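This report refers to the structure that appears directly beneath it.
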Amino acid sequence: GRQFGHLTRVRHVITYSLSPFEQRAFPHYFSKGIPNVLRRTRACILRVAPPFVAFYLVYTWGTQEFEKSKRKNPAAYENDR
Amino acid sequence: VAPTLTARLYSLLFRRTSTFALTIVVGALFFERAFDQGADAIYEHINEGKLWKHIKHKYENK
Amino acid sequence: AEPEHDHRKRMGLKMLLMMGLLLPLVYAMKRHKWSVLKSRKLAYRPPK
Amino acid sequence: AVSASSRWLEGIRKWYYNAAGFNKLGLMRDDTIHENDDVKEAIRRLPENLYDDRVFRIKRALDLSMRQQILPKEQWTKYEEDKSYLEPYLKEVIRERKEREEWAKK
Amino acid sequence: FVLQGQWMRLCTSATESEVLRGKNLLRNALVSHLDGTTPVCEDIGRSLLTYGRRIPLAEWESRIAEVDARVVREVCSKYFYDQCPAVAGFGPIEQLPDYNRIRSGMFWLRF
Amino acid sequence: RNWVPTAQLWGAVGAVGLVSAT
Amino acid sequence: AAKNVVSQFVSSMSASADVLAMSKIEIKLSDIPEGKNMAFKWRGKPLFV
Amino acid sequence: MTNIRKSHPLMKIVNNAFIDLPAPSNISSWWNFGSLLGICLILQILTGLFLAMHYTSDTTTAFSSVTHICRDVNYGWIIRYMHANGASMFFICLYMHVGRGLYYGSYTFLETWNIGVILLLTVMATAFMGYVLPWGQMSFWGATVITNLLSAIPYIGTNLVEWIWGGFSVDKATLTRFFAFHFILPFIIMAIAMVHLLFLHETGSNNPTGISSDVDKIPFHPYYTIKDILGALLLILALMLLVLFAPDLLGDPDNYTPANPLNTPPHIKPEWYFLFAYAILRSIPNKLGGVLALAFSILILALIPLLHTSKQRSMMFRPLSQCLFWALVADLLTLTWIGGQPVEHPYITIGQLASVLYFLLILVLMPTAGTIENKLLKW
Ligand code: HEM
Ligand code: HEM
């Protein structure tokens, strides 16, 4: 039906906004970004980064072995004997 | 007092959207040419003599 | 193998400059509009 | 027989509560609920105060989310203040419906 | 939508007819208020701090007379076109237009 | 009314556009 | 009617008497060394003789 | 109403789902992948139709044809390399889409989720047949080994692989079929997309917080049209960056070699968007077991609704799943790696534990974690 007059019911809330032409669109971006970027990344890093780290180890090891076992053509069993 | 460059530009060309659009058409034109010119130059500089444009001499009209 | 080698790198150049003018521009547009929202502040006054 | 174990869960609980970020947003546990058909009816059962409150809280919260800003350290929801205000309402709604279901067996 | 619409139309499309009718309305509004003693007293008092010590009453008709459909169009577009609104409501304002919508209503691409 | 002056810059635009664009 | 209409439109895809002419039909011998191996294409897969 | 253009035409009202619609405020950048998703569908199409304006679908020519599009035809080179690369993007975008749905519980919209799934799989078919059109060594073999992988089915299989191919191998018959279905899928898919959109329009867009936003809703026109245009801008960027600077980079396959049916690149593999499912398939000794498990890779999506265990459709407030969500993603990356790996011990043993990890993450770990978190919150 109608999506704007019928969403929900909201009592007692004031909002205050300003016009685009009165304000700036780039509010101390370097300054906010660093600290905000920093503050969320550091709350992400722990939850996100691990598994990727893990994959990297597994990638690294996993390729070493291959090259070894295959390049170590004598790996399985020695030559002299 | 005088109008900032923008204010000048504004009142002459952006109040009326007819003007605005006219501008943009014009601009698009002018811009394409400069860009190309400049951006082609820049690119040919990076490959001096590497490109046929540089190299036509050798076998041209004797 | 790739006869377009030179033309394509050329265009690259022109797509990079252009895109450096459109990406920043367009972002400003995006903040121009949204600004009202982000700049917005709220107040809650029940009768309670 | 829970004296040491269940008086230490509160320790993981407490940990966990502040782990989940909603703490920081100014939101409470009940406002984080998945709005389904039972919650919905509970919701509807709320008094003006309780209920308008849940609207401002979520307003303030979705505002923050939109701006990726966290609320100040001083203004955060403290675990010790677990208003489980929906719980009462929400229980019954379920209670009613469980009955209804059951009455419909045979 | 209708209102803002009216504004715009006003500063691009005013017709002499239309302006001439509003003209006349103004006169009356401005004459009939001055009926009675209280009314005249306020005009005279307030007029003096407002407009200074003049009583532009008979002038009006003259000034009002200089009104043209072009005059009205150019004068309206100073103040309403491309200009940023000042909007307040006291809800149900849930459907009230987003500041940017209202804003774009002061210029004419379409609508 | 304003339509001639506007229809005259809209005219121009189309023209310039084609000219250029094409 | 459906049955025969659908059937025909599926069979359209099944295998053309173009292709299916060459299927199951193959012979060759005595033209190659008493030693080597001649890989024929036969039914899309390598037919080794 | 009078002269409200929008609702005047009934048709133009239907377009006010873009401009006037209730769109949540808060909203990660992730949601731009919907829109971009469409962007890609439209770009492939325009591109496809021009390439199919100079392509021929025969054994003899197809390779030549593509080769000719990239050489003699004016701006056919970019069109083709734009079309190849696009499809990468199209998939890169798809998998962001489904990630988001996985993470914030957008998949609660069961009906929308089920269309998505169909969407995903339809594109999947598309991509599989297009890559074979050019009829090059990778394409040729890749079709055989995938298609044949259908002959695992016991009773029918065998007959059925032969119907799909239009014969015993993959000669002309198959090659023109793919050309026709590649062409007509995308059109059918657009209908689906719109059907998908239809259902979604009935409940609006979920958020990072995971709560209804009805108390905070914004103009889609004012705000989300610029966001979407901006999204484009970055999307294109990536597509031209790829297409202009490293045309072949992302297109692993270097096999620009006309297909010779006795010849074989010992390293046969689907492109990147299919590697997950490849890896998962190899991990099973048995053929049939591998086909089932391949289908279940992808087809397991539609279960997740039913698996949902928590009270917070938003993962945003739940640590433990945020950890196993990420791991699955990194397990998925791990699997993709295997895909381009010799099928030898080192990779075998790895893939096998990754294929169990993936199904654990999806079938068993997450669901439990859900419960736990609910119990720590005292819910
Ligand atoms: C999202 C839907 C589609 C996707 C994923 C897609 C993907 C692909 C891919 C991956 C290729 C192989 C190109 C190569 O690597 O050489 C291809 C080729 C082709 N596609 Fe598309 N495509 C889609 C839609 C279309 C449409 C709608 C058309 C026609 C209107 C089309 C026409 C073609 C043609 C003629 C070729 C063959 C020549 C070539 O290799 O460029 N495709 N498609
Ligand atoms: C042909 C490919 C697709 C197209 C063109 C498409 C398009 C769209 C668009 C335009 C939106 C709205 C904006 C947004 O939330 O990002 C959307 C939302 C959604 N899509 Fe897709 N989609 C496609 C594939 C999929 C797939 C494969 C699935 C899942 C299996 C899916 C599931 C969803 C869901 C759950 C939402 C709603 C999320 C929310 O806002 O809460 N989509 N889709």
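Figures for the structure shown
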| read-out | value |
| --- | --- |
| Candidates D:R44, D:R54, D:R13, filtered to the one that is among the charged types (D, E, K, R), closer than 18 Å to D:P88 by Cβ and surrounded by 14 or more Cβ atoms within 10 Å (Cβ to Cβ) | D:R54 |
| Filtered residues of region H:147-169 (kept if touching a residue at least 60 places away in the same chain (Cβ under 8 Å) and among the β-branched types (V, I, T)) | H:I153 |
| Filtered residues of region H:122-135 (kept if within 8 Å of ligand 2 (Cβ to nearest atom) and surrounded by fewer than 21 Cβ atoms within 10 Å (Cβ to Cβ)) | H:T122 |
| Selection from region H:116-155 of residues that are within 16 Å of ligand 1 (Cβ to nearest atom) and either touching a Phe, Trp or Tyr at 6+ places or on another chain (Cβ under 6 Å) or not in a helix (DSSP H, G or I) (or both) | H:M129, H:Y131, H:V132, H:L133, H:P134, H:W135, H:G136, H:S139 |
| Pairs, first closer than 16 Å to C:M11 by Cβ in region H:67-84, second among the acidic types (D, E), C-beta under 7 Å, six or more apart | H:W77/C:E4 |
| Region G:9-30 residues that are among the basic types (K, R), paired with ones that are not in a loop (DSSP other than H, G, I, E, B) (beta carbon under 8 Å, 6 or more apart) | G:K28/G:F40 |
| Region H:96-105, subset touching a residue at least 24 places away in the same chain (Cβ under 8 Å) and more than 14 Å from every other protein chain (Cβ to nearest Cβ), residue nearest to ligand 1 (Cβ to nearest atom) | H:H97 |
| Single match in H:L230, H:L249, H:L200, H:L235 (criterion: within 16 Å of ligand 1 (Cβ to nearest atom) and closer than 19 Å to H:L36 by Cβ) | H:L235 |
| Residue within region B:39-53 that is closer than 30 Å to E:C11 by Cβ and surrounded by 12 or more Cβ atoms within 10 Å (Cβ to Cβ) present | no |
| Criterion: surrounded by 14 or more Cβ atoms within 10 Å (Cβ to Cβ) and within 18 Å of H:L234 (Cβ to Cβ) - qualifying residue of C:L25, C:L16, C:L21 | C:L16 |
| Among the candidates E:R21, E:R9, residue that is closer than 22 Å to F:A7 by Cβ and free of Cβ contacts under 8 Å to residues at least 12 places away in the same chain | E:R9 |
| Only one of D:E92, D:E101, D:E96 that is loosely packed, with under 10 Cβ neighbours inside 10 Å and either free of Cβ contacts under 8 Å to residues at least 40 places away in the same chain or more than 13 Å from the chain's Cα centre (by Cα) (or both) | D:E101 |
| Which numbered condition B:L22 misses (of (1) more than 14 Å from chain F (Cβ to nearest Cβ); (2) under 24 Å from the mean Cα position of the chain (by Cα)) | (1) |
| Test: H:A293 is within 16 Å of ligand 2 (Cβ to nearest atom) and surrounded by 13 or more Cβ atoms within 10 Å (Cβ to Cβ) | no |
| In region D:25-37, the residues that are surrounded by 19 or more Cβ atoms within 10 Å (Cβ to Cβ) and under 30 Å from H:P305 (Cβ atoms) | D:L25, D:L27, D:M28, D:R29, D:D30, D:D31, D:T32, D:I33 |
| Boolean, H:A17 is within 16 Å of ligand 2 (Cβ to nearest atom) and either in contact (Cβ under 8 Å) with a residue 40 or more places away in the chain or assigned to a helix (DSSP H, G or I) (or both) | yes |
| Any pair with Cβ under 7 angstrom, 6 or more apart, that starts in region H:259-279 at a residue that is within 14 Å of chain G (Cβ to nearest Cβ) and ends at one that is β-branched (V, I, T) and within 16 Å of ligand 1 (Cβ to nearest atom) | none |
| Criterion (farther than 22 Å from D:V39 by Cα and in a loop (DSSP other than H, G, I, E, B)) met by exactly one of H:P346, H:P342 | H:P342 |
| Filter result (assigned to a loop (DSSP other than H, G, I, E, B) and within 14 Å of chain A (Cβ to nearest Cβ)) within region H:208-229 | H:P208, H:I211, H:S212, H:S213, H:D214, H:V215, H:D216 |
| Residue in region H:166-181 that is farthest from the other protein chains (Cβ to nearest Cβ), counting only those that are in a loop (DSSP other than H, G, I, E, B) and either touching a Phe, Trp or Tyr at 6+ places or on another chain (Cβ under 8 Å) or aromatic (F, W, Y) (or both) | H:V170 |
| Residues of chain G satisfying the condition of being in a loop (DSSP other than H, G, I, E, B), more than 17 Å from the chain's Cα centre (by Cα) and either surrounded by 11 or more Cβ atoms within 10 Å (Cβ to Cβ) or aromatic (F, W, Y) (or both) | G:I32, G:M38 |
| Residue list for region E:1-47, filter: outside any helix (DSSP H, G or I), surrounded by fewer than 14 Cβ atoms within 10 Å (Cβ to Cβ) and aliphatic (A, V, I, L, M) | E:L34 |
| Counted residues, region H:26-49 - those being more than 13 Å from ligand 2 (Cβ to nearest atom) and in contact (Cβ under 8 Å) with a residue 24 or more places away in the chain | 2 |
| Residue match in region H:84-100 (condition: away from ligand 2 (no atom under 16 Å from the Cβ), at negative phi and either surrounded by 19 or more Cβ atoms within 10 Å (Cβ to Cβ) or hydrophobic (A, V, I, L, M, F, W, C) (or both)) | yes |
| Residue list for region B:15-51, filter: farther than 23 Å from C:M18 by Cβ and either in a loop (DSSP other than H, G, I, E, B) or in contact with an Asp or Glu (Cβ under 9 Å, 6 or more places away or on another chain) (or both) | B:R15, B:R16, B:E48, B:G49, B:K50 |
| Output for region A:30-81, where each listed residue is more than 28 Å from H:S321 (Cβ to Cβ) and loosely packed, with under 10 Cβ neighbours inside 10 Å | A:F30, A:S31, A:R71, A:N73, A:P74, A:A76, A:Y77, A:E78, A:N79, A:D80, A:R81 |
| Answer residue from region H:230-258, given it is facing another protein chain (nearest Cβ under 7 Å) and aliphatic (A, V, I, L, M) and is surrounded by the most Cβ atoms within 10 Å (Cβ to Cβ) among those | H:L244 |
| Unmet criterion (only one of (1) closer than 28 Å to H:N207 by Cα; (2) surrounded by fewer than 21 Cβ atoms within 10 Å (Cβ to Cβ); (3) of a type in the set (S, T, N, Q)) for H:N32 | (2) |
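Residue-wise test of (1) within 11 Å of ligand 1 (Cβ to nearest atom); (2) outside any helix (DSSP H, G or I).
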position: H:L37; (1), (2): yes, no
position: H:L41; (1), (2): yes, no
position: H:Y55; (1), (2): yes, yes
position: H:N74; (1), (2): no, yes
position: H:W77; (1), (2): yes, no
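FYI, it's all coordinate maths here, none of it is from the lab. Quick reminder, even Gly has a Cβ in these numbers, built from the backbone with ideal geometry, and neighbours come from all protein chains shown.
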